[PDB]
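Enquirer: Hey, dropping structure.cif in here, mmCIF, C-alpha atoms and all ligand atoms:
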data_run
loop_
_atom_site.label_atom_id
_atom_site.label_comp_id
_atom_site.auth_asym_id
_atom_site.auth_seq_id
_atom_site.Cartn_x
_atom_site.Cartn_y
_atom_site.Cartn_z
CA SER A 2 -17.11 -0.99 -23.61
CA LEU A 3 -19.75 1.61 -22.76
CA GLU A 4 -17.24 3.27 -20.33
CA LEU A 5 -14.12 2.67 -22.38
CA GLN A 6 -12.09 5.83 -22.77
CA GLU A 7 -9.28 6.68 -25.30
CA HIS A 8 -6.34 9.09 -24.98
CA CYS A 9 -7.54 9.90 -21.53
CA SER A 10 -5.95 11.78 -18.63
CA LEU A 11 -4.92 9.57 -15.69
CA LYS A 12 -4.64 12.50 -13.32
CA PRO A 13 -7.90 11.82 -11.37
CA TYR A 14 -6.75 8.21 -10.88
CA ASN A 15 -3.40 8.52 -9.08
CA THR A 16 -2.89 10.07 -5.67
CA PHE A 17 0.29 11.75 -6.81
CA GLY A 18 -1.85 13.67 -9.28
CA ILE A 19 0.57 13.14 -12.15
CA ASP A 20 -1.07 14.06 -15.45
CA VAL A 21 -0.08 11.57 -18.20
CA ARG A 22 -2.36 9.97 -20.77
CA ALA A 23 -3.64 6.41 -21.12
CA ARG A 24 -3.97 4.95 -24.61
CA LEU A 25 -7.15 3.29 -23.39
CA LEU A 26 -8.79 3.43 -20.02
CA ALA A 27 -11.32 0.83 -18.95
CA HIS A 28 -13.45 0.82 -15.88
CA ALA A 29 -14.03 -2.84 -15.01
CA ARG A 30 -17.05 -3.53 -12.79
CA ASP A 31 -17.02 -7.31 -12.88
CA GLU A 32 -15.14 -10.37 -14.11
CA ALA A 33 -16.75 -10.17 -17.53
CA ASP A 34 -15.37 -6.62 -17.94
CA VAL A 35 -11.91 -7.75 -16.94
CA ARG A 36 -11.91 -10.48 -19.65
CA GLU A 37 -13.18 -8.05 -22.34
CA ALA A 38 -10.36 -5.62 -21.43
CA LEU A 39 -7.74 -8.42 -21.50
CA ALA A 40 -9.07 -9.56 -24.83
CA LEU A 41 -9.08 -6.05 -26.24
CA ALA A 42 -5.54 -5.29 -25.07
CA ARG A 43 -4.68 -8.53 -26.98
CA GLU A 44 -6.64 -7.41 -30.05
CA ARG A 45 -4.84 -4.03 -30.07
CA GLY A 46 -1.39 -5.47 -29.25
CA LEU A 47 -1.19 -3.45 -26.02
CA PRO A 48 0.19 -4.10 -22.51
CA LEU A 49 -2.31 -4.00 -19.72
CA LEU A 50 -1.74 -1.87 -16.62
CA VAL A 51 -3.98 -2.60 -13.66
CA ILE A 52 -4.93 0.05 -11.19
CA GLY A 53 -7.12 0.37 -8.14
CA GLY A 54 -7.13 3.80 -6.49
CA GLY A 55 -3.71 4.69 -7.81
CA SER A 56 -2.47 5.41 -4.32
CA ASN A 57 0.82 3.36 -4.60
CA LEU A 58 1.64 4.20 -8.14
CA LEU A 59 4.05 6.57 -9.80
CA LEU A 60 3.33 7.35 -13.45
CA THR A 61 6.37 8.68 -15.31
CA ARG A 62 5.21 8.87 -18.94
CA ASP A 63 2.25 8.42 -21.25
CA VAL A 64 0.88 4.94 -20.76
CA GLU A 65 0.91 3.03 -24.01
CA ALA A 66 -1.31 0.36 -22.59
CA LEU A 67 -4.86 -0.44 -21.72
CA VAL A 68 -5.25 0.84 -18.19
CA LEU A 69 -7.71 -1.33 -16.33
CA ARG A 70 -9.31 0.32 -13.35
CA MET A 71 -10.82 -2.19 -10.96
CA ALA A 72 -14.19 -0.80 -10.06
CA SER A 73 -15.87 -4.03 -8.97
CA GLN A 74 -18.10 -3.64 -5.94
CA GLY A 75 -19.36 -6.22 -3.42
CA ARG A 76 -18.94 -6.86 0.32
CA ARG A 77 -20.36 -9.87 2.14
CA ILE A 78 -20.05 -12.18 5.09
CA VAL A 79 -19.14 -15.58 3.65
CA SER A 80 -19.34 -17.54 6.88
CA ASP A 81 -19.91 -16.69 10.57
CA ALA A 82 -19.12 -19.59 12.87
CA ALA A 83 -18.15 -19.66 16.56
CA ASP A 84 -16.85 -16.05 16.75
CA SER A 85 -14.73 -16.55 13.60
CA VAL A 86 -16.05 -14.61 10.65
CA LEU A 87 -14.92 -14.87 7.10
CA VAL A 88 -15.56 -11.88 4.83
CA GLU A 89 -15.25 -11.16 1.18
CA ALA A 90 -14.74 -8.03 -0.82
CA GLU A 91 -14.51 -7.46 -4.54
CA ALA A 92 -11.23 -6.02 -5.70
CA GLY A 93 -12.74 -2.62 -6.53
CA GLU A 94 -14.02 -1.84 -3.06
CA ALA A 95 -12.47 1.13 -1.25
CA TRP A 96 -10.35 -0.13 1.55
CA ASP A 97 -11.25 2.26 4.32
CA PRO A 98 -15.03 2.03 3.92
CA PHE A 99 -14.59 -1.77 3.90
CA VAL A 100 -12.81 -1.41 7.21
CA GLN A 101 -15.58 0.76 8.74
CA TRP A 102 -18.02 -1.75 7.32
CA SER A 103 -16.31 -4.60 9.12
CA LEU A 104 -16.08 -2.71 12.42
CA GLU A 105 -19.69 -1.63 12.33
CA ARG A 106 -20.57 -5.34 12.18
CA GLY A 107 -18.56 -5.99 15.36
CA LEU A 108 -15.62 -7.59 13.57
CA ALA A 109 -12.11 -7.04 14.83
CA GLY A 110 -8.92 -7.47 12.81
CA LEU A 111 -8.63 -4.45 10.54
CA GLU A 112 -8.79 -1.44 12.96
CA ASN A 113 -5.03 -0.82 12.70
CA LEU A 114 -5.42 -0.59 8.97
CA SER A 115 -7.98 2.23 9.15
CA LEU A 116 -7.78 5.05 6.62
CA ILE A 117 -5.18 3.50 4.30
CA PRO A 118 -6.20 4.62 0.76
CA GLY A 119 -6.86 2.36 -2.16
CA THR A 120 -8.75 -0.77 -2.85
CA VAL A 121 -9.21 -4.24 -1.50
CA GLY A 122 -7.80 -5.72 -4.67
CA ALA A 123 -4.46 -3.90 -4.26
CA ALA A 124 -4.17 -4.66 -0.51
CA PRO A 125 -2.45 -8.05 -0.97
CA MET A 126 0.05 -6.67 -3.49
CA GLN A 127 2.18 -5.10 -0.81
CA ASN A 128 0.64 -6.86 2.14
CA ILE A 129 -0.64 -3.57 3.41
CA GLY A 130 0.37 -2.76 6.95
CA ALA A 131 0.31 -0.05 9.54
CA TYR A 132 0.59 0.14 13.31
CA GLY A 133 2.03 -3.39 13.68
CA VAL A 134 -0.67 -5.15 11.67
CA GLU A 135 -0.41 -6.56 8.19
CA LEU A 136 -3.04 -7.97 5.87
CA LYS A 137 -1.43 -11.38 6.19
CA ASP A 138 -2.40 -11.52 9.87
CA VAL A 139 -6.07 -11.79 8.90
CA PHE A 140 -5.79 -13.14 5.37
CA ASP A 141 -7.68 -16.25 4.36
CA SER A 142 -7.54 -16.35 0.57
CA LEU A 143 -8.10 -14.65 -2.70
CA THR A 144 -9.28 -15.37 -6.23
CA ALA A 145 -7.00 -14.27 -9.03
CA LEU A 146 -7.26 -14.45 -12.78
CA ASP A 147 -4.23 -16.00 -14.43
CA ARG A 148 -3.38 -13.66 -17.31
CA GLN A 149 -1.40 -16.42 -19.02
CA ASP A 150 -4.36 -18.84 -19.31
CA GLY A 151 -7.42 -16.73 -18.55
CA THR A 152 -8.11 -19.26 -15.74
CA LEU A 153 -9.00 -18.62 -12.09
CA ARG A 154 -6.82 -19.68 -9.19
CA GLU A 155 -7.40 -19.49 -5.48
CA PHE A 156 -4.57 -18.35 -3.29
CA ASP A 157 -4.48 -19.30 0.35
CA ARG A 158 -2.28 -17.45 2.84
CA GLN A 159 0.95 -19.44 2.37
CA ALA A 160 0.54 -19.37 -1.42
CA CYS A 161 0.68 -15.55 -1.52
CA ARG A 162 4.17 -15.58 0.07
CA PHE A 163 3.54 -12.52 2.12
CA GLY A 164 6.50 -10.60 3.45
CA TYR A 165 7.27 -7.09 4.64
CA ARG A 166 5.75 -4.92 1.81
CA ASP A 167 5.82 -7.99 -0.41
CA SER A 168 3.84 -10.80 -1.98
CA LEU A 169 4.00 -13.30 -4.82
CA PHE A 170 2.09 -10.76 -6.95
CA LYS A 171 4.76 -8.13 -6.48
CA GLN A 172 7.46 -10.79 -7.28
CA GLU A 173 5.72 -12.12 -10.40
CA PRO A 174 4.23 -8.90 -11.62
CA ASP A 175 1.72 -8.57 -14.49
CA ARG A 176 0.53 -12.17 -14.16
CA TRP A 177 -2.25 -12.21 -11.62
CA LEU A 178 -5.28 -10.02 -11.52
CA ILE A 179 -7.00 -10.05 -8.18
CA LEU A 180 -10.76 -10.23 -8.38
CA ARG A 181 -11.67 -10.65 -4.72
CA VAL A 182 -10.20 -11.10 -1.28
CA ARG A 183 -11.33 -13.07 1.71
CA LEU A 184 -10.31 -12.10 5.24
CA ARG A 185 -10.90 -13.92 8.50
CA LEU A 186 -12.01 -11.61 11.29
CA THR A 187 -13.37 -12.15 14.83
CA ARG A 188 -16.33 -11.21 16.99
CA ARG A 189 -14.25 -11.47 20.14
CA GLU A 190 -12.25 -8.53 21.45
CA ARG A 191 -8.73 -8.15 19.95
CA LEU A 192 -6.36 -5.27 20.44
CA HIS A 193 -2.93 -4.89 18.87
CA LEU A 194 -1.67 -1.79 20.69
CA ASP A 195 2.00 -2.31 19.78
CA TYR A 196 2.87 1.21 18.63
CA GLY A 197 3.23 3.60 21.56
CA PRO A 198 1.41 6.64 20.10
CA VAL A 199 -1.76 4.54 19.73
CA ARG A 200 -1.52 3.27 23.28
CA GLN A 201 -0.60 6.76 24.51
CA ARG A 202 -3.46 8.57 22.87
CA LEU A 203 -5.91 5.99 24.14
CA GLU A 204 -4.72 6.69 27.69
CA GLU A 205 -4.86 10.46 27.22
CA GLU A 206 -8.45 10.22 26.15
CA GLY A 207 -9.01 8.00 29.19
CA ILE A 208 -10.13 4.75 27.54
CA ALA A 209 -8.73 2.09 29.86
CA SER A 210 -10.76 -0.71 28.24
CA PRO A 211 -10.83 0.13 24.53
CA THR A 212 -12.68 -1.66 21.75
CA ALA A 213 -11.43 -2.22 18.22
CA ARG A 214 -13.61 0.73 17.16
CA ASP A 215 -11.83 3.06 19.63
CA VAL A 216 -8.53 1.99 18.26
CA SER A 217 -9.73 2.65 14.71
CA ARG A 218 -10.85 6.17 15.60
CA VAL A 219 -7.57 6.88 17.35
CA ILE A 220 -5.70 5.59 14.35
CA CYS A 221 -7.76 7.72 12.04
CA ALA A 222 -7.08 10.81 14.17
CA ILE A 223 -3.28 10.25 14.28
CA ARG A 224 -3.17 9.57 10.58
CA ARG A 225 -5.20 12.70 9.81
CA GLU A 226 -2.92 14.80 11.93
CA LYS A 227 0.31 13.68 10.48
CA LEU A 228 -0.05 12.40 6.90
CA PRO A 229 -0.45 14.84 4.04
CA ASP A 230 -3.82 14.42 2.39
CA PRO A 231 -3.29 13.77 -1.38
CA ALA A 232 -6.03 16.35 -2.07
CA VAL A 233 -3.76 19.09 -0.70
CA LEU A 234 -0.41 17.67 -1.67
CA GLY A 235 -0.17 14.76 -4.14
CA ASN A 236 1.66 11.75 -2.79
CA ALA A 237 1.73 8.01 -2.61
CA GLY A 238 2.45 7.86 1.11
CA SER A 239 5.77 6.32 2.11
CA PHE A 240 7.93 6.35 -0.98
CA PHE A 241 10.48 3.87 0.29
CA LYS A 242 10.51 0.57 2.19
CA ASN A 243 12.27 0.38 5.51
CA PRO A 244 15.40 -1.62 4.84
CA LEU A 245 16.42 -4.74 6.76
CA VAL A 246 20.07 -5.34 7.55
CA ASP A 247 22.03 -8.08 9.33
CA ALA A 248 23.56 -7.73 12.82
CA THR A 249 27.00 -7.41 11.15
CA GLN A 250 26.04 -4.30 9.27
CA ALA A 251 23.82 -3.26 12.19
CA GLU A 252 26.77 -3.26 14.57
CA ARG A 253 28.96 -1.41 12.13
CA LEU A 254 26.20 1.12 11.47
CA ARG A 255 25.55 1.71 15.18
CA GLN A 256 29.18 2.53 15.92
CA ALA A 257 29.19 5.06 13.14
CA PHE A 258 25.70 6.23 14.14
CA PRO A 259 24.69 5.69 17.79
CA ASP A 260 21.39 7.63 17.34
CA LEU A 261 20.34 5.08 14.63
CA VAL A 262 16.65 4.14 14.66
CA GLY A 263 16.09 0.43 14.17
CA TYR A 264 13.87 -2.40 15.27
CA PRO A 265 15.46 -5.79 15.66
CA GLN A 266 13.46 -8.57 14.28
CA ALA A 267 12.63 -11.95 15.71
CA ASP A 268 15.15 -13.29 13.14
CA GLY A 269 17.59 -10.85 14.79
CA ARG A 270 18.18 -8.67 11.67
CA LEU A 271 17.47 -4.97 12.01
CA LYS A 272 14.71 -2.89 10.44
CA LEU A 273 15.91 0.70 10.04
CA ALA A 274 13.59 3.64 10.01
CA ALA A 275 14.03 4.84 6.43
CA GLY A 276 12.72 8.19 7.61
CA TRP A 277 15.54 8.62 10.04
CA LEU A 278 18.17 7.88 7.39
CA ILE A 279 16.55 10.37 5.03
CA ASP A 280 16.19 13.07 7.72
CA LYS A 281 19.90 12.64 8.47
CA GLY A 282 20.53 13.37 4.80
CA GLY A 283 18.81 16.72 5.40
CA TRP A 284 16.00 15.97 2.91
CA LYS A 285 13.15 16.87 5.14
CA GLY A 286 11.07 19.78 3.84
CA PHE A 287 13.27 19.91 0.72
CA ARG A 288 11.64 21.33 -2.35
CA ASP A 289 12.75 21.55 -5.96
CA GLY A 290 10.08 23.21 -8.06
CA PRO A 291 7.01 21.07 -8.12
CA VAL A 292 8.42 18.11 -6.11
CA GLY A 293 9.64 17.75 -2.56
CA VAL A 294 9.96 15.86 0.68
CA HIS A 295 7.31 16.48 3.31
CA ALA A 296 8.59 18.61 6.27
CA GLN A 297 7.68 16.13 9.08
CA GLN A 298 7.21 12.81 7.12
CA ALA A 299 10.60 12.23 5.60
CA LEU A 300 9.41 9.15 3.67
CA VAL A 301 6.73 11.10 1.82
CA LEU A 302 7.70 12.54 -1.52
CA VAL A 303 5.19 15.23 -2.55
CA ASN A 304 3.83 17.09 -5.57
CA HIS A 305 3.27 20.74 -4.84
CA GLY A 306 1.47 21.05 -8.20
CA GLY A 307 2.29 20.13 -11.82
CA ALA A 308 5.00 17.57 -11.12
CA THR A 309 5.98 15.16 -13.84
CA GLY A 310 6.60 11.63 -12.69
CA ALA A 311 10.17 11.88 -14.02
CA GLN A 312 10.80 14.77 -11.56
CA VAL A 313 9.48 12.71 -8.69
CA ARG A 314 11.72 9.84 -9.73
CA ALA A 315 14.77 12.06 -10.15
CA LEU A 316 14.18 13.28 -6.59
CA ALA A 317 13.84 9.74 -5.26
CA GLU A 318 17.02 8.78 -7.10
CA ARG A 319 18.94 11.60 -5.44
CA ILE A 320 17.72 10.49 -2.04
CA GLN A 321 18.57 6.86 -2.70
CA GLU A 322 22.10 7.79 -3.74
CA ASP A 323 22.61 10.07 -0.70
CA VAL A 324 21.57 7.24 1.63
CA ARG A 325 23.79 4.67 -0.19
CA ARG A 326 26.75 6.96 0.21
CA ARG A 327 26.04 8.03 3.79
CA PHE A 328 24.95 4.64 5.17
CA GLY A 329 25.91 1.95 2.63
CA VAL A 330 22.24 1.04 2.56
CA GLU A 331 19.99 0.53 -0.44
CA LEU A 332 16.50 2.02 -0.33
CA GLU A 333 13.82 0.37 -2.41
CA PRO A 334 10.87 2.40 -3.48
CA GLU A 335 7.49 1.21 -2.42
CA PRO A 336 5.27 2.72 -5.08
CA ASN A 337 5.02 0.81 -8.30
CA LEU A 338 6.86 2.80 -10.90
CA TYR A 339 5.55 2.73 -14.46
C1 LIG B 1 -1.73 8.95 2.17
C2 LIG B 1 -1.36 7.51 1.99
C3 LIG B 1 -1.16 6.67 3.06
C4 LIG B 1 -0.83 5.35 2.86
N1 LIG B 1 -0.64 4.52 3.93
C5 LIG B 1 -0.36 3.24 3.76
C6 LIG B 1 -0.15 2.36 4.89
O1 LIG B 1 -0.31 2.76 6.13
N2 LIG B 1 0.19 1.11 4.59
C7 LIG B 1 0.33 0.66 3.36
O2 LIG B 1 0.63 -0.55 3.22
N3 LIG B 1 0.13 1.44 2.25
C8 LIG B 1 -0.20 2.70 2.41
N4 LIG B 1 -0.36 3.51 1.29
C9 LIG B 1 -0.17 2.91 0.00
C10 LIG B 1 -1.44 2.49 -0.67
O3 LIG B 1 -2.50 3.24 -0.13
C11 LIG B 1 -1.66 1.02 -0.46
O4 LIG B 1 -0.46 0.27 -0.83
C12 LIG B 1 -2.88 0.60 -1.29
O5 LIG B 1 -3.11 -0.81 -1.14
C13 LIG B 1 -2.72 0.76 -2.80
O6 LIG B 1 -4.00 0.50 -3.33
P1 LIG B 1 -4.48 1.04 -4.74
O7 LIG B 1 -5.74 0.25 -4.97
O8 LIG B 1 -4.41 2.49 -4.76
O9 LIG B 1 -3.33 0.40 -5.66
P2 LIG B 1 -2.74 1.14 -6.92
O10 LIG B 1 -1.86 2.24 -6.51
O11 LIG B 1 -3.88 1.44 -7.84
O12 LIG B 1 -1.74 0.04 -7.57
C14 LIG B 1 -0.91 -0.74 -6.69
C15 LIG B 1 -0.14 -1.85 -7.42
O13 LIG B 1 -1.02 -2.98 -7.50
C16 LIG B 1 -1.46 -3.26 -8.87
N5 LIG B 1 -2.86 -3.60 -8.73
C17 LIG B 1 -3.78 -2.79 -8.20
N6 LIG B 1 -4.97 -3.44 -8.16
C18 LIG B 1 -4.77 -4.68 -8.57
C19 LIG B 1 -5.61 -5.85 -8.72
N7 LIG B 1 -6.93 -5.84 -8.40
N8 LIG B 1 -5.03 -6.95 -9.18
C20 LIG B 1 -3.71 -6.98 -9.54
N9 LIG B 1 -2.87 -5.94 -9.42
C21 LIG B 1 -3.37 -4.78 -8.95
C22 LIG B 1 -1.17 -2.01 -9.60
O14 LIG B 1 -0.81 -2.31 -10.89
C23 LIG B 1 0.05 -1.48 -8.87
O15 LIG B 1 1.13 -2.17 -9.39
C24 LIG B 1 -0.69 4.86 1.48
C25 LIG B 1 -0.87 5.73 0.43
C26 LIG B 1 -1.24 7.03 0.63
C27 LIG B 1 -1.50 7.99 -0.51
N1 LIG B 2 3.33 2.59 3.45
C1 LIG B 2 2.88 3.81 3.50
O1 LIG B 2 2.69 4.46 2.50
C2 LIG B 2 2.55 4.43 4.80
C3 LIG B 2 2.08 5.75 4.85
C4 LIG B 2 1.75 6.27 6.10
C5 LIG B 2 1.88 5.48 7.25
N2 LIG B 2 2.30 4.21 7.14
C6 LIG B 2 2.41 3.29 8.27
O2 LIG B 2 1.69 3.81 9.35
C7 LIG B 2 2.35 3.67 10.59
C8 LIG B 2 2.61 5.10 11.04
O3 LIG B 2 3.55 5.67 10.12
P1 LIG B 2 4.61 6.81 10.54
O4 LIG B 2 5.38 7.09 9.29
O5 LIG B 2 3.97 7.82 11.53
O6 LIG B 2 5.71 5.98 11.38
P2 LIG B 2 5.79 6.05 12.99
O7 LIG B 2 4.49 5.56 13.56
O8 LIG B 2 6.18 7.48 13.31
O9 LIG B 2 6.99 5.01 13.14
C9 LIG B 2 8.17 5.38 12.45
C10 LIG B 2 8.95 4.18 11.95
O10 LIG B 2 9.30 3.32 13.02
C11 LIG B 2 8.68 2.04 12.92
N3 LIG B 2 8.08 1.79 14.27
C12 LIG B 2 7.51 2.69 15.13
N4 LIG B 2 7.08 2.08 16.25
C13 LIG B 2 7.39 0.78 16.10
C14 LIG B 2 7.22 -0.43 16.91
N5 LIG B 2 6.62 -0.33 18.11
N6 LIG B 2 7.67 -1.61 16.38
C15 LIG B 2 8.29 -1.70 15.18
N7 LIG B 2 8.48 -0.62 14.41
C16 LIG B 2 8.05 0.59 14.81
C17 LIG B 2 7.70 2.09 11.75
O11 LIG B 2 7.76 0.93 10.90
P3 LIG B 2 6.60 0.33 9.91
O12 LIG B 2 6.34 1.43 8.88
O13 LIG B 2 7.39 -0.93 9.56
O14 LIG B 2 5.36 0.09 10.68
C18 LIG B 2 8.21 3.28 10.99
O15 LIG B 2 9.19 2.85 10.04
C19 LIG B 2 3.57 2.82 10.27
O16 LIG B 2 3.25 1.45 10.56
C20 LIG B 2 3.79 3.03 8.78
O17 LIG B 2 4.27 1.89 8.06
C21 LIG B 2 2.62 3.68 5.96
K K B 3 3.45 3.86 -0.37
#
Can the structure in the file be given as structure tokens, please?

Expert:
Amino acid sequence: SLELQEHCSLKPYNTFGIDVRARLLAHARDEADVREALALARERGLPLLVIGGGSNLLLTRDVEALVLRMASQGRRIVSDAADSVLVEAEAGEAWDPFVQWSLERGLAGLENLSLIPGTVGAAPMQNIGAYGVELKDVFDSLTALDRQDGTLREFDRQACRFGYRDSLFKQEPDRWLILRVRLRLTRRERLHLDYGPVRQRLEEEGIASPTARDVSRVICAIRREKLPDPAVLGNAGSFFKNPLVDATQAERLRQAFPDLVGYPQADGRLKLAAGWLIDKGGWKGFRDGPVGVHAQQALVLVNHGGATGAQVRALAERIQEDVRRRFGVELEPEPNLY
């Protein structure tokens, strides 16, 4: 209540840098804050919109809701037994510093997820992943507040129903509010060097026997080189999920498009590079007034300054239609659209 803010600009709180207003904005620092905000949204008859760092979020209009910013803090080692180490972070912790924190303690598991923006609390929503690692690979459990009952529930790995950019919380939106997250990491050496550029850079810098810290630094360097920093150019990273198609459609697509970029899955279905499909549409480097497509990262929609969220969405809708027509493939956006 001391930090509660009315008719307040959300621009500092979304990486896209869209300027719309929140009816109320609350900065929750603990569970007691979260319950006060829930209760107040009830008192006022308002929806509640939860945000972390607003790095996977597209705001398209004034938010007639209580916006609840998760600013809880807290990082600890729960349990440290026989090289297996279980760690806990409060939802409001910044993801990348939590990763550096883990690595500096000699824990391996998160290095591939270095430098991803946002918070710990949002990380399970889309099962964050990069460089062949996903949160689910190290996920032990979380504690979530049931917004139907006001009761707490613990979610173990299976219960979250993790998938590619997916979870129970994305499927049943607006129900669970994640308070904290427990991950199981290791003290023994682990390297997931699946993606060639990581492997390649490590060899160029002459590290034949790398540690999880070396990988993290390499990953940070590649990411810095190639991803637009939101500070320069507002964005929410990859705007679309990579679609999965069956071998039927995959065969038919390949005949029509031999240069097609795809990764066949253990199930045998094919994951297409969304970026390739979009590039083939000619969208790369496109710009219409304040919105555009980045010139090297075809998945990244950008704000050159002053974009409305509606303009961003109109652009994404044009790209989706172009890809449906060209390839018969549906692209799903990744950022949550309000
Ligand atoms: C430059 C850049 C690079 C990125 N790279 C990656 C990447 O490599 N991999 C990747 O997976 N993502 C990436 N992202 C996307 C984003 O950083 C992650 O998905 C991140 O987890 C979102 O966290 P956030 O706290 O900003 O969530 P927000 O954007 O604040 O919100 C995310 C969704 O979760 C909900 N939500 C947030 N917090 C909670 C909570 N505590 N409880 C319940 N619901 C909640 C929100 O309502 C919203 O629906 C990138 C984004 C940017 C800008
Ligand atoms: N979600 C986001 O907002 C966001 C933003 C920036 C970067 N990233 C992630 O960071 C990594 C680097 O991103 P990037 O855009 O530069 O893509 P990249 O590394 O240039 O790879 C391009 C595309 O090919 C896939 N790919 C590449 N090597 C692969 C392999 N060995 N096995 C399976 N698939 C492979 C990636 O899928 P995946 O994306 O399925 O890994 C991605 O769709 C990727 O994992 C990407 O997801 C995500
Ligand atoms: K994204």

Enquirer: I'd like a table as a Markdown table: residues in region 199-282 of chain A with an atom no more than 12 Å from region 15-29 of chain A, each row giving the shortest atom pair and its distance in Å to one decimal, only C-alpha atoms counted, sorted by chain and rising residue number.

Expert:
| residue | atom | partner | partner_atom | distance |
| --- | --- | --- | --- | --- |
| A:229 | CA | A:16 | CA | 11.1 |
| A:230 | CA | A:16 | CA | 9.2 |
| A:231 | CA | A:16 | CA | 5.7 |
| A:232 | CA | A:16 | CA | 7.9 |
| A:233 | CA | A:18 | CA | 10.3 |
| A:234 | CA | A:17 | CA | 7.9 |
| A:235 | CA | A:17 | CA | 4.0 |
| A:236 | CA | A:17 | CA | 4.2 |
| A:237 | CA | A:17 | CA | 5.8 |
| A:238 | CA | A:16 | CA | 8.9 |
| A:239 | CA | A:17 | CA | 11.8 |
| A:240 | CA | A:17 | CA | 11.0 |

Enquirer: May I ask you to write as a PyMOL selection string all residues lying at most 9 Å from ligand LIG 2 (chain B), with all atoms listed in the file counted?

Expert: chain A and resi 56-57+113-114+117+127+129-134+165-166+194-199+220+223-224+227-228+237-243+262-266+272-277+298-301+335-336

Enquirer: For ligand LIG 1 (chain B), which residue among A:89, A:260, A:173, A:323 is the nearest when counting only C-alpha atoms and all ligand atoms?

Expert: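 Going through A:89, A:260, A:173, A:323 one by one, the smallest distance to ligand LIG 1 (chain B) is for A:173.
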
Enquirer: Go through A:83, A:104, A:47, A:71 and flag the residue nearest ligand LIG 1 (chain B), using all atoms listed in the file for the distances.

Expert: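 The closest residue to ligand LIG 1 (chain B) is A:71.
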
Enquirer: With all atoms listed in the file as the basis for distance, which of A:119, A:269, A:244, A:13 is at the shortest distance from ligand K 3 (chain B)?

Expert: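 Of A:119, A:269, A:244, A:13, the one nearest ligand K 3 (chain B), counting all atoms listed in the file, is A:119.
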
Enquirer: Please compute the CA of residue 150 (chain A)-CA of residue 181 (chain A) distance, one decimal, in Å.

Expert: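 Answer for the CA of residue 150 (chain A) to CA of residue 181 (chain A) separation: 18.3 Å.
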
Enquirer: Would you mind listing what lies within 9 Å of residue 251 (chain A) as number ranges by chain, with only C-alpha atoms counted and same-chain residues fewer than 3 positions away left out?

Expert: A: 246-248, 254-256, 263, 270-271

Enquirer: Can you write just those residues out, C-alpha atoms, as a PDB file, in the frame of the given file?

Expert:
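Output saved as again11.pdb:
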ATOM      1  CA  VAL A 246      20.070  -5.340   7.550  1.00  0.00           C
ATOM      2  CA  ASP A 247      22.030  -8.080   9.330  1.00  0.00           C
ATOM      3  CA  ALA A 248      23.560  -7.730  12.820  1.00  0.00           C
ATOM      4  CA  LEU A 254      26.200   1.120  11.470  1.00  0.00           C
ATOM      5  CA  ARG A 255      25.550   1.710  15.180  1.00  0.00           C
ATOM      6  CA  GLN A 256      29.180   2.530  15.920  1.00  0.00           C
ATOM      7  CA  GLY A 263      16.090   0.430  14.170  1.00  0.00           C
ATOM      8  CA  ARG A 270      18.180  -8.670  11.670  1.00  0.00           C
ATOM      9  CA  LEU A 271      17.470  -4.970  12.010  1.00  0.00           C
TER      10      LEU A 271
END
